[PDB]
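Step one of this worksheet: look at the structure below.
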Amino acid sequence: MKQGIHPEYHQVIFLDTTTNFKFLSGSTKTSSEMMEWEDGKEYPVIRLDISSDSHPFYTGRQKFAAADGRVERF
Amino acid sequence: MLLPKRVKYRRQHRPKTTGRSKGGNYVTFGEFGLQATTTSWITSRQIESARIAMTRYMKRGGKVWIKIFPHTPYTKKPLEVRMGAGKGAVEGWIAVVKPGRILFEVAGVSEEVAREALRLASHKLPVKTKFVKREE
Amino acid sequence: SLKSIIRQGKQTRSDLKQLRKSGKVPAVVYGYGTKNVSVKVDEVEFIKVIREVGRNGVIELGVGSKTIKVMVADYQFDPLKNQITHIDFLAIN
Amino acid sequence: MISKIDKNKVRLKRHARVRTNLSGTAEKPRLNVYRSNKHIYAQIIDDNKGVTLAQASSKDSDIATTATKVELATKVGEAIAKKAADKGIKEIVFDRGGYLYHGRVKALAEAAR
Amino acid sequence: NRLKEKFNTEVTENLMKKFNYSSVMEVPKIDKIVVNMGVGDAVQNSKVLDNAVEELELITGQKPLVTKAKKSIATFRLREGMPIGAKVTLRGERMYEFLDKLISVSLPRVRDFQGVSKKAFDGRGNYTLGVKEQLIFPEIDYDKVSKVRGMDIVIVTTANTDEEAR
RNA sequence: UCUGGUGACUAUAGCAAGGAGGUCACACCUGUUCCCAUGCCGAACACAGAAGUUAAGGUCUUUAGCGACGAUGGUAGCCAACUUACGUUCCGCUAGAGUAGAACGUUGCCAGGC
RNA sequence: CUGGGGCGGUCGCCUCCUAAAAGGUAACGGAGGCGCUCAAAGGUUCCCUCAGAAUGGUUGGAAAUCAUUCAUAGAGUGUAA
RNA sequence: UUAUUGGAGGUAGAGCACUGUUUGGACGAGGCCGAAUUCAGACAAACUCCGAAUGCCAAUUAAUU
Ligand SMILES: [Mg+2]
Ligand SMILES: [Mg+2]
Ligand SMILES: [Mg+2]
Ligand SMILES: [Mg+2]
Ligand SMILES: [Mg+2]
Ligand SMILES: [Mg+2]
């Protein structure tokens with residue numbers, strides 16, 4: 001972190017629909033809508049992700065389509 | 001017609017044809033061996049002409065190796081020129097035998113058969129030879 | 001079982017070959033429980049080391065006293081005369 | 001599975017690259033340094049007959065102190081041999097040989113050079 | 001910062017009582033995170049691919065060179081990449097960027113890691129690093145991150161990535 | 001004696017394996033305001049510090065399996081002499097290389113503390 | 001110059017080998033170069049260690065970067081040895 | 001010239017660790033014959049991990065001419 005040549009980055013709050021569990025850093029900047037104090041009291045403008053709502057593993061998706069299985073009585 | 005594939009420099013000296021043999025005078029591969037006892041050259045065309053006469057008496061039966069692969073070139077200057085403008089080109093290859101080193105090793109044969117077949121190829125060589133069998 | 005030699009008196013000259021015309025063979029002994037004594041065994045009984053065990057074994061020699069339980073270490077087999085010269089011995093302890 | 005390299009043996013391969021240019025002439029002697037993590041040592045050798053002249057550590061309990069680059073560094077730099085030691089010759093194996101271990105040379109030029 | 005205290009509360013009792021180490025400071029720490037992004041053009045396209053990585057992690061990024069000036073493309077000392085080390089406040093943060101979920105096509109990254117005890121990954125395009133925008137980038141900015149640990153067992157690398165989807 | 005710092009000794013001393021501990025002394029880490037700086041990153045360099053840890057480094061005791069050193073006897077070559085036109089013998093001095101007997105898991109100077 | 005002469009080729013410097021363990025030592029004997037280049041590829045003070053062999057990883061040259069491990073010099077030294 | 005000690009250098013010999021040349025055994029490297037390494041052997045003026053006999057320079061060395 002030598003001076004001068006780097007772009008600046010600092011923390012945010014990523015307003016996810018599930019608990020907003022991201023107070024980490026990044027180069028994005030916009031208007032601080034909803035600040036907090038339990039997380040980084042900074043530019044709150046990190047909007048939304050799809051982090052912890054449906055993983056391909058740690059969740060449940062919809063069912064599979066169709067086998068042979070003539071369950072329609074032809 | 002056994003040749004080296006690559007040779008560093010194509011025009012080389014002639015080997016010091018004195019002394020004893022370096023090594024390789026104990027047989028290692030066959031049961032029966034043929035060593036030399038006098039000090040000539042062999043010129044890469046005996047060594048196949050002693051190989052075709054060897055193979056046919058045994059009808060390509062037991063294992064037969066050679067031990068002398070020619071490395072050195074030797075040059076003959078062309079037909080009747082005056083002396084001295086540079087060496088001539090090569091025309092054959094060679095490997096000098098000292099006295100007392102093994103030429104041929106054969107196996108997979110009784111004694112009374114192979115002792116004939118080494119003799120029949122000992123007349124194709126410009127050297128004097130002598131039968132031998134695994135110093136133990 | 002059957003061997004004998006004399007402790008070969010040292011500093012021999014290069015007339016060592018005109019006694020190799022008679023069937024001798026020079027040899028030295030090594031070993032734990034010995035010191036390096038050049039011996040002169042005659043090879044006429046070295047058709048009688050094949051005739052006990054072959055190559056790997058034990059046979060004593062008795063150069064005066066202390067017949068060492070020995071083993072034939074190495075040859076110097078020079079061909080063109082079909083003979084052996086300078087065999088070597090090695091105690092087992 | 002990277003094994004972190006020690007500072008010590010890298011700071012010894014460089015040592016012979018420095019002490020190949022100078023040697024203790026027994027008339028213009030050679031003081032070296034040492035540093036590990038707390039305490040810095042300093043000898044002075046004749047590299048002809050292989051004897052020392054004046055050992056002076058820092059951890060020698062001369063006085064307890066703090067701030068290892070402040071005067072606790074400087075105290076042994078003022079620790080001096082009243083001998084035939086004129087201007088002596090410094091061995092500088094650790095880097096910044098007028099900056100880092102300079103507490104051993106801020107006071108070595110006080111009287112010892 | 002909370003990722004570090006979970007490395008100092010959660011994985012402490014686990015990895016020392018599942019792998020059964022003796023001492024307490026024996027768990028696999030996470031060392032450097034190198035990020036190398038090659039370029040297929042030895043001419044001019046790397047002039048526009050400098051800024052892409054700097055939006056994801058603001059360290060400037062070295063332009064490397066070749067070593068040998070090999071056969072049929074390039075001469076010596078061009079530029080073909082951009083390595084960036086990420087070590088402490090970034091390695092606890094870029095690995096804390098668990099938003100490779102934007103890629104979404106079976107985010108399960110790999111099964112076989114490598115034979116020695118490191119763990120290399122892959123990306124494809126503008127998916128990860130959710131700070132960047134999908135407007136000014138008409139080129140596949142695809143990267144190759146890594147993750148090396150002080151552990152000397154690939155089984156230990158299997159446990160240590162418990163919180164990144166495989 | 002032992003631990004450390006600086007010397008000499010051709011690796012007989014080092015790698016390769018295995019077991020033992022403490023940090024009174026080295027390390028490992030706690031960070032970067034300052035000293036200084038990474039064509040980037042304080043991992044390294046430097047600085048500020050001491051709650052943890054012996055796993056690692058280094059230390060110590062075994063193993064001749066990896067390299068290394070290595071004798072006595074031989075044989076080839078060879079200065080001098082003799083004989084001879086033979087890819088030669090014969091006699092008198094020096095004397096390897098490989099290979100075996102094996103030695104070997106360092107030695108010793110000077111400092112400061114036990 | 002010339003294994004008689006014209007013909008062909010050579011004519012000075014540099015590096016091996018022949019050259020026989022000091023130096024020296026020929027032949028129309030065997031192999032190669034040069035008739036310059038560099039304002040930094042010179043001077044100094046610091047710091048770093050290699051080509052390869054594996055092992056996986058957007059692009060895939062078999063090989064354009066990235067790491068990890070075993071690498072005593074098997075790389076490099078503007079130019080031939 | 002000779003004895004004594006100390007030295008420079010890489011031939012004869014040997015050897016395959018080095019660049020190179022080799023014939024044999026098992027070793028992997030596609031969908032019925034070939035592609036790295038390992039064991040046992042060989043070769044060398046421009047190959048040496050080794051390496052003598054003799055000569056060669058010097059002892060402020062001692063005997064003889
Ligand atoms: Mg360090
Ligand atoms: Mg740090
Ligand atoms: Mg003419
Ligand atoms: Mg000479
Ligand atoms: Mg020779
Ligand atoms: Mg010759």
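Identifiers in this document derive from the order of the structure tokens: chains are assigned A, B, ..., residues are numbered from 1 separately in each chain, and ligands are numbered from 1 in order of occurrence.
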
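Proximity to chain E at a cut-off of 9 Å picks out residues 39, 40, 41, 43, 52, 53, 54 and 55 of chain F on chain F, counting only C-alpha atoms (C1' of nucleotides).
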
Q: From chain E, collect each residue whose DSSP state is helix (DSSP H, G or I) and return the set as a ChimeraX atom specification.
A: /E:2-7,10-18,45-47,50-54,91-94,154-160

Site check for ligand 6: residues at most 10 Å away, only C-alpha atoms (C1' of nucleotides) and all ligand atoms, as a PDB file with C-alpha atoms (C1' of nucleotides), in the first residue's frame:
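Result written to selection-v5.pdb:
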```pdb
ATOM      1  CA  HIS B  13      43.271 -40.588 -36.915  1.00  0.00           C
ATOM      2  CA  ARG B  14      44.178 -44.232 -36.762  1.00  0.00           C
ATOM      3  CA  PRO B  15      44.199 -46.102 -33.449  1.00  0.00           C
ATOM      4  CA  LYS B  16      47.372 -47.182 -31.667  1.00  0.00           C
TER       5      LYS B  16
ATOM      6  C1'   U G  18      48.272 -32.615 -34.006  1.00  0.00           C
ATOM      7  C1'   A G  20      55.052 -36.594 -26.982  1.00  0.00           C
TER       8        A G  20
ATOM      9  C1'   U H  11      50.308 -37.446 -22.311  1.00  0.00           C
ATOM     10  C1'   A H  12      50.858 -43.270 -21.859  1.00  0.00           C
ATOM     11  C1'   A H  45      43.056 -36.614 -31.277  1.00  0.00           C
TER      12        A H  45
END
```

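For region 45-52 of chain B, the non-local neighbours within 7 Å, defined as residues at least 4 positions apart in the same chain or in other chains and counting only C-alpha atoms (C1' of nucleotides), are residues 1, 56, 121, 124 and 125 of chain B.
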
Those residues with C-alpha atoms, as a CSV table (one decimal), in the first residue's frame please?
```
chain,number,residue,atom,x,y,z
B,1,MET,CA,26.4,-52.7,-43.0
B,56,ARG,CA,22.3,-70.2,-41.1
B,121,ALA,CA,32.6,-67.9,-39.3
B,124,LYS,CA,35.4,-65.0,-42.7
B,125,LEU,CA,37.5,-62.8,-40.4
```

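In plain terms, chain E touches chain D through residues 116, 117, 118, 148, 149, 150, 151, 152 and 153 of chain E, where touching means an atom at most 8 Å away, counting only C-alpha atoms.
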
Q: Report as a list in words the set of chain B residues whose atoms approach chain G to within 10 Å, with distances computed over only C-alpha atoms (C1' of nucleotides).
A: residues 9, 10, 11, 12, 13, 82, 83, 84, 85, 86 and 87 of chain B

For those residues, write N, CA and C atoms to a file as an mmCIF file, in the first residue's frame.
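What follows is the written file part.cif:
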```
data_model
loop_
_atom_site.group_PDB
_atom_site.id
_atom_site.type_symbol
_atom_site.label_atom_id
_atom_site.label_comp_id
_atom_site.auth_asym_id
_atom_site.auth_seq_id
_atom_site.Cartn_x
_atom_site.Cartn_y
_atom_site.Cartn_z
ATOM 1 N N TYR B 9 33.211 -35.635 -36.051
ATOM 2 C CA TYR B 9 34.081 -35.117 -37.096
ATOM 3 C C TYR B 9 34.422 -36.277 -38.016
ATOM 4 N N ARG B 10 34.299 -36.078 -39.322
ATOM 5 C CA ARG B 10 34.301 -37.220 -40.225
ATOM 6 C C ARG B 10 35.679 -37.725 -40.615
ATOM 7 N N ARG B 11 36.762 -37.057 -40.245
ATOM 8 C CA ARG B 11 38.087 -37.491 -40.672
ATOM 9 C C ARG B 11 38.995 -37.584 -39.462
ATOM 10 N N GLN B 12 39.271 -38.789 -39.007
ATOM 11 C CA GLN B 12 39.936 -38.971 -37.732
ATOM 12 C C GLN B 12 41.218 -39.757 -37.934
ATOM 13 N N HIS B 13 41.960 -39.955 -36.846
ATOM 14 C CA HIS B 13 43.271 -40.588 -36.915
ATOM 15 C C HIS B 13 43.133 -42.097 -37.022
ATOM 16 N N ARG B 82 48.498 -37.601 -56.980
ATOM 17 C CA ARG B 82 49.759 -37.286 -56.325
ATOM 18 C C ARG B 82 49.526 -36.995 -54.850
ATOM 19 N N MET B 83 50.604 -36.974 -54.081
ATOM 20 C CA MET B 83 50.458 -36.922 -52.636
ATOM 21 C C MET B 83 50.291 -35.511 -52.124
ATOM 22 N N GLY B 84 49.214 -35.295 -51.396
ATOM 23 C CA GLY B 84 49.070 -34.121 -50.577
ATOM 24 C C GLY B 84 48.202 -33.074 -51.217
ATOM 25 N N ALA B 85 46.941 -33.067 -50.848
ATOM 26 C CA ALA B 85 46.144 -31.853 -50.896
ATOM 27 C C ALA B 85 45.114 -31.815 -49.787
ATOM 28 N N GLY B 86 45.109 -32.777 -48.881
ATOM 29 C CA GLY B 86 44.044 -32.914 -47.915
ATOM 30 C C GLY B 86 43.641 -34.363 -47.870
ATOM 31 N N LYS B 87 42.968 -34.784 -46.812
ATOM 32 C CA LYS B 87 42.559 -36.170 -46.729
ATOM 33 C C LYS B 87 41.407 -36.441 -47.687
#
```

Q.
Give me, as number ranges by chain, all polymer residues having an atom no more than 8 Å from region 29-33 of chain B, counting only C-alpha atoms (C1' of nucleotides) and skipping those fewer than 3 positions away in the same chain.
A. B: 63-64, 102-108, 114, 131-134

Write out the residues from the selection above, keeping N, CA, C and O atoms, as a short mmCIF file (atom, residue, chain, number, x, y, z; two decimals), in the first residue's frame.
```cif
data_model
loop_
_atom_site.label_atom_id
_atom_site.label_comp_id
_atom_site.auth_asym_id
_atom_site.auth_seq_id
_atom_site.Cartn_x
_atom_site.Cartn_y
_atom_site.Cartn_z
N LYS B 63 20.15 -67.49 -29.21
CA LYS B 63 20.52 -66.09 -29.25
C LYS B 63 21.97 -65.93 -29.67
O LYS B 63 22.85 -66.69 -29.24
N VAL B 64 22.22 -64.93 -30.51
CA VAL B 64 23.56 -64.57 -30.97
C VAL B 64 23.67 -63.06 -30.99
O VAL B 64 22.79 -62.36 -31.50
N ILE B 102 36.55 -60.46 -26.74
CA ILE B 102 35.49 -61.34 -27.23
C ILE B 102 34.84 -60.71 -28.45
O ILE B 102 34.51 -59.52 -28.45
N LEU B 103 34.65 -61.50 -29.49
CA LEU B 103 33.87 -61.04 -30.63
C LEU B 103 32.42 -61.46 -30.50
O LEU B 103 31.53 -60.61 -30.41
N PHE B 104 32.16 -62.76 -30.47
CA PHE B 104 30.81 -63.29 -30.56
C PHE B 104 30.46 -64.07 -29.31
O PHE B 104 31.29 -64.80 -28.77
N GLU B 105 29.22 -63.92 -28.86
CA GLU B 105 28.70 -64.72 -27.77
C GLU B 105 27.42 -65.38 -28.26
O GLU B 105 26.56 -64.71 -28.81
N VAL B 106 27.33 -66.70 -28.09
CA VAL B 106 26.15 -67.44 -28.52
C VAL B 106 25.60 -68.25 -27.36
O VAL B 106 26.34 -68.65 -26.46
N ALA B 107 24.30 -68.49 -27.40
CA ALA B 107 23.63 -69.28 -26.38
C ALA B 107 22.44 -69.99 -27.00
O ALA B 107 22.09 -69.75 -28.16
N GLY B 108 21.82 -70.87 -26.22
CA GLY B 108 20.68 -71.61 -26.70
C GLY B 108 21.06 -72.66 -27.71
O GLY B 108 20.49 -72.71 -28.81
N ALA B 114 27.50 -75.60 -31.59
CA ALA B 114 27.98 -74.23 -31.69
C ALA B 114 29.48 -74.15 -31.88
O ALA B 114 29.96 -73.17 -32.45
N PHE B 131 38.26 -70.72 -29.27
CA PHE B 131 37.02 -71.01 -28.56
C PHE B 131 37.18 -70.81 -27.06
O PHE B 131 38.28 -70.96 -26.51
N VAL B 132 36.09 -70.47 -26.38
CA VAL B 132 36.12 -70.13 -24.95
C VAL B 132 34.70 -70.26 -24.40
O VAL B 132 33.73 -70.20 -25.15
N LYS B 133 34.58 -70.45 -23.07
CA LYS B 133 33.27 -70.70 -22.45
C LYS B 133 33.30 -70.27 -20.99
O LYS B 133 33.81 -71.01 -20.15
N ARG B 134 32.78 -69.07 -20.70
CA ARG B 134 32.39 -68.54 -19.39
C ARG B 134 33.34 -68.83 -18.24
O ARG B 134 33.17 -69.83 -17.54
#
```

Q: Using only C-alpha atoms (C1' of nucleotides), determine which residues lie at most 12 Å from residue 17 (chain B), disregarding the query and same-chain residues fewer than 6 positions distant; provide the list as JSON, numbers by chain.
A: {"B": [38, 39, 40, 41, 95, 96, 97, 98, 99], "F": [87]}

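Residue neighbourhood of residue 26 (chain F), excluding near-sequence residues (fewer than 2 positions): residues 8, 36 and 37 of chain D; 4, 23, 57 and 58 of chain F, at 10 Å, using only C-alpha atoms (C1' of nucleotides).
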
Q. Of the candidates D:23, D:94, D:52, D:77, which shows the shortest atom-to-atom distance to ligand 1, using only C-alpha atoms and all ligand atoms?
A. D:94

Q) Which protein, DNA or RNA residues have an atom within 12 Å of ligand 5, counting only C-alpha atoms (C1' of nucleotides) and all ligand atoms, as a PyMOL selection string? A) (chain B and resi 15-22) or (chain F and resi 76-77) or (chain H and resi 11-15+43-45+47-48+51)

Q: Would you please extract all strand (DSSP E) residues from chain E, as assigned by DSSP on the backbone, and give them as a ChimeraX atom specification?
A: /E:35-36,118-120,144-148

Could you write those residues out with N, CA, C and O atoms, as a short mmCIF file (atom, residue, chain, number, x, y, z; two decimals), in the first residue's frame?
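Listing of out.cif after writing:
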```cif
data_model
loop_
_atom_site.label_atom_id
_atom_site.label_comp_id
_atom_site.auth_asym_id
_atom_site.auth_seq_id
_atom_site.Cartn_x
_atom_site.Cartn_y
_atom_site.Cartn_z
N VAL E 35 -3.06 -13.80 -8.81
CA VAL E 35 -4.08 -13.65 -9.83
C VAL E 35 -3.37 -13.32 -11.12
O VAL E 35 -2.87 -12.20 -11.27
N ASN E 36 -3.32 -14.26 -12.06
CA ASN E 36 -2.63 -14.05 -13.33
C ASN E 36 -3.62 -14.11 -14.48
O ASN E 36 -4.42 -15.05 -14.57
N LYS E 118 -1.40 -27.06 -2.98
CA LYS E 118 -2.02 -25.78 -3.28
C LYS E 118 -3.36 -26.06 -3.92
O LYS E 118 -3.80 -27.21 -4.02
N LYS E 119 -4.02 -25.00 -4.38
CA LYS E 119 -5.37 -25.16 -4.91
C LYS E 119 -5.63 -24.01 -5.88
O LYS E 119 -5.85 -22.87 -5.45
N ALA E 120 -5.63 -24.32 -7.16
CA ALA E 120 -5.82 -23.33 -8.20
C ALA E 120 -7.23 -23.39 -8.75
O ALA E 120 -7.86 -24.44 -8.78
N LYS E 144 -7.47 -16.19 -13.60
CA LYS E 144 -7.01 -17.45 -13.03
C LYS E 144 -6.45 -17.16 -11.64
O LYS E 144 -5.27 -16.84 -11.50
N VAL E 145 -7.29 -17.29 -10.63
CA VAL E 145 -6.90 -17.07 -9.25
C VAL E 145 -6.27 -18.34 -8.70
O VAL E 145 -6.30 -19.39 -9.35
N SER E 146 -5.67 -18.25 -7.52
CA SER E 146 -5.09 -19.40 -6.85
C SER E 146 -5.33 -19.28 -5.36
O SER E 146 -5.86 -18.28 -4.87
N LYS E 147 -4.94 -20.31 -4.62
CA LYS E 147 -5.04 -20.30 -3.16
C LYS E 147 -4.06 -21.32 -2.62
O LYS E 147 -4.25 -22.52 -2.82
N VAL E 148 -3.02 -20.86 -1.93
CA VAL E 148 -1.98 -21.72 -1.39
C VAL E 148 -2.03 -21.67 0.13
O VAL E 148 -2.28 -20.61 0.72
#
```

Q) Counting only C-alpha atoms (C1' of nucleotides) and all ligand atoms, which protein, DNA or RNA residues come within 8 Å of ligand 3, given as a ChimeraX atom specification? A) /G:2-5

Q: Within 10 Å of chain C, which residues of chain F are there when counting only C-alpha atoms (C1' of nucleotides)? Please give them as JSON, numbers by chain.
A: {"F": [72, 73, 74, 75, 91, 92, 99, 100, 101, 102]}

Q: Check every residue of chain B for an atom within 9 Å of chain C, counting only C-alpha atoms, and provide those that qualify as a ChimeraX atom specification.
A: /B:25,37,100,135-136

Q: Identify, counting only C-alpha atoms (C1' of nucleotides) and all ligand atoms, the protein, DNA and RNA residues located within 8 Å of ligand 1, and give them as an NGL selection string.
A: (:D and (5-7)) or (:F and (44))

Save out the residues we just selected, C-alpha atoms (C1' of nucleotides), as a PDB file, in the first residue's frame.
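File produced: result29.pdb:
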```pdb
ATOM      1  CA  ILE D   5      12.683 -19.274   4.848  1.00  0.00           C
ATOM      2  CA  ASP D   6      14.738 -18.308   7.869  1.00  0.00           C
ATOM      3  CA  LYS D   7      16.319 -14.901   8.006  1.00  0.00           C
TER       4      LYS D   7
ATOM      5  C1'   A F  44      11.002 -10.291   2.278  1.00  0.00           C
TER       6        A F  44
END
```
